[PDB]
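Heads up: the structure comes next, in structure tokens.
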Number of protein chains: 2
Amino acid sequence: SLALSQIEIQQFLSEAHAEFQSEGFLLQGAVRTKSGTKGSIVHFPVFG
Amino acid sequence: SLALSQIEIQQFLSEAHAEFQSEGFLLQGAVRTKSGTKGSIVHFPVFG
């Protein structure tokens with residue numbers, strides 16, 4: 001019977017799509033970097 | 001005599017030419033494809 005269209009189902013996919021966005025870390029290593037630092041402030045001495 | 005034209009033969013070729021047409025599936029793999037889906041509507045979740 002064509003009445004089967006009354007009990008048609010819908011499928012929801014488990015693979016989600018994240019909206020196109022930047023993943024970041026684009027400027028990693030572009031500047032003088034100090035890793036594993038401790039303390040509230042890191043001081044860079046400068047001479048004229 | 002020229003009556004030999006009444007018993008002339010003809011040649012029929014076995015290789016058939018299909019009219020110039022697209023074979024389709026040109027955009028196969030151009031978009032995100034999910035195979036073996038079910039239902040009348042398929043839903044793709046999206047995150048922000």
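Each chain of the structure tokens is named A, B, ... in the order shown, its residues numbered from 1; ligands are numbered from 1 in display order.
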Using only C-alpha atoms and a distance of at most 8 Å, pull out the residues of chain A that contact chain B, as an mmCIF file with N, CA and C atoms, in the first residue's frame.
data_model
loop_
_atom_site.group_PDB
_atom_site.id
_atom_site.type_symbol
_atom_site.label_atom_id
_atom_site.label_comp_id
_atom_site.auth_asym_id
_atom_site.auth_seq_id
_atom_site.Cartn_x
_atom_site.Cartn_y
_atom_site.Cartn_z
ATOM 1 N N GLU A 8 7.179 6.556 7.490
ATOM 2 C CA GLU A 8 8.563 6.710 7.072
ATOM 3 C C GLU A 8 9.403 7.270 8.213
ATOM 4 N N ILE A 9 10.660 6.846 8.261
ATOM 5 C CA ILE A 9 11.546 7.172 9.365
ATOM 6 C C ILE A 9 12.543 8.231 8.916
ATOM 7 N N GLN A 10 13.297 8.749 9.878
ATOM 8 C CA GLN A 10 14.363 9.700 9.624
ATOM 9 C C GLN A 10 15.629 9.216 10.311
ATOM 10 N N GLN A 11 16.772 9.492 9.693
ATOM 11 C CA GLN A 11 18.058 9.056 10.211
ATOM 12 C C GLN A 11 18.873 10.262 10.643
ATOM 13 N N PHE A 12 19.481 10.168 11.817
ATOM 14 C CA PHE A 12 20.347 11.207 12.350
ATOM 15 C C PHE A 12 21.763 10.654 12.413
ATOM 16 N N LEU A 13 22.699 11.345 11.773
ATOM 17 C CA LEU A 13 24.061 10.853 11.637
ATOM 18 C C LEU A 13 24.877 11.156 12.883
ATOM 19 N N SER A 14 25.759 10.225 13.238
ATOM 20 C CA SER A 14 26.569 10.354 14.440
ATOM 21 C C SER A 14 27.812 11.208 14.243
ATOM 22 N N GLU A 15 28.199 11.498 13.005
ATOM 23 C CA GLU A 15 29.401 12.278 12.734
ATOM 24 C C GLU A 15 29.021 13.750 12.658
ATOM 25 N N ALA A 16 29.491 14.531 13.622
ATOM 26 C CA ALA A 16 29.162 15.943 13.694
ATOM 27 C C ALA A 16 30.149 16.769 12.886
ATOM 28 N N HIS A 17 29.659 17.880 12.353
ATOM 29 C CA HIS A 17 30.477 18.835 11.624
ATOM 30 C C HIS A 17 30.617 20.099 12.454
ATOM 31 N N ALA A 18 31.851 20.505 12.710
ATOM 32 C CA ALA A 18 32.131 21.766 13.376
ATOM 33 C C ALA A 18 32.214 22.859 12.323
ATOM 34 N N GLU A 19 31.575 23.994 12.595
ATOM 35 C CA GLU A 19 31.566 25.086 11.634
ATOM 36 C C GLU A 19 32.988 25.526 11.330
#
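Copy-to-copy comparison places chain B at a Cα RMSD of 1.5 Å from chain A, following a least-squares fit over all residues.
Taking atom CA of residue 24 of chain A and atom CA of residue 30 of chain B as the two end points, the separation is 26.4 Å.
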Write out as an mmCIF file with C-alpha atoms, in the first residue's frame all residues of chain A that backbone DSSP assigns to strand (DSSP E).
data_model
loop_
_atom_site.group_PDB
_atom_site.id
_atom_site.type_symbol
_atom_site.label_atom_id
_atom_site.label_comp_id
_atom_site.auth_asym_id
_atom_site.auth_seq_id
_atom_site.Cartn_x
_atom_site.Cartn_y
_atom_site.Cartn_z
ATOM 1 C CA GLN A 10 14.363 9.700 9.624
ATOM 2 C CA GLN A 11 18.058 9.056 10.211
ATOM 3 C CA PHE A 12 20.347 11.207 12.350
ATOM 4 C CA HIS A 17 30.477 18.835 11.624
ATOM 5 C CA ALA A 18 32.131 21.766 13.376
#
Can you work out the spacing between atom CA of residue 33 of chain B and atom CA of residue 6 of chain A in Å, to one decimal? 27.2 Å
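Across the model, the gap from atom CA of residue 22 of chain A to atom CA of residue 35 of chain A is 23.3 Å.
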Apply DSSP to the structure's backbone, then extract all residues of chain A labelled helix (DSSP H, G or I) and return them as a list in words. residues 2, 3, 4, 5, 6 and 7 of chain A
